[PDB]
Structure formats: structure tokens, C-alpha cells
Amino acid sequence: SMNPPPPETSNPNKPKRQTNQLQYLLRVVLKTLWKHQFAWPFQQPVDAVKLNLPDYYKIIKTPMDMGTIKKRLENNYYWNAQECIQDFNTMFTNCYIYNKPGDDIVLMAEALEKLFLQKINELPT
């Protein structure tokens, strides 16, 4: 189909390592973005079939979405905050490189990104 398998959400052979920063990323950053009225297009992989988007995965080579990030945090996939932040940034980048500037999805990503950056600025030590 037009859709790939979703990204992996478990990190093979990685020891469990909980940190205040990772707790914050899940319970503050992800949770705040997840509840936002504009989160819904980003809560699961882009479904190019159900959305009739034959060009999406032609253009987006590194898919990412907040459902994947959420599961990665829940599964302790990330070794540190920067790895999780990188996935959020990839999700926003994909939106901005595929969709035409000004489209509703872009304004929604912009709103979520502003909230993201505000929360990341208060990452615990």
C-alpha cells in the first residue's frame, strides 16, 4: 500500500534507565501536546491510504508522529532527552517540508511546536 509499517517503538537490548528529564518529556511535554486541540493529525502515523495521499511517503523518508514518540517514551526507548527531542523535531520538519506553507496542518504544527519549545526550555536539570 502507500503506507509503510510504523516506526519501531522498543529499543533492543537497551537497559532500562529512568531519569527526571525522561519523566518530564512524557508526563509534561508529550502529555501537554497530546491534549491540545490541534494534536489529532499528529497522534498516529500519517495514513496515506485513508487520507488518499499517494505522494506523502514519496517525499517523507523518516516518518515520525507523537503516537510513536509516546510509545517510545513508555517503552524507555530513548537513552536521553536529546534523542526524544530529535524525534519531535523530525515530526515537525516532515510537516513543514511536505505541506504547503500556510495550510491548516502547518499552522497546527506551528502551534504545537511553540508549546513544545516552551516546555523544553523548562526541562529539569
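Sequential numbering from 1, following the sequence displayed. Only the largest set of C-alpha atoms that superpose within 1.5 Å between the two forms is called the rigid core.
Student: On a core superposition, give the stretch, 105 to 113 or 10 to 18, with the larger average C-alpha separation from this form in 8 other deposited structures of this protein (RMS over structures and residues).
Tutor: More C-alpha displacement in 8 other deposited structures of this protein shows up in 10 to 18.
Student: Once you work out the mean C-alpha B-factor for both 38 to 46 and 58 to 66 from the entry, which is higher?
Tutor: The recorded data point to 58 to 66.
Student: On average, are the C-alpha B-factors higher in 15 to 23 or in 107 to 115?
Tutor: 15 to 23 has the higher mean C-alpha B-factor.
Student: Given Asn52, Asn89, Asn76, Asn99, identify the residue with the highest C-alpha B factor in the PDB entry.
Tutor: Comparing C-alpha B-factors across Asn52, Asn89, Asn76, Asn99, the maximum falls on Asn52.
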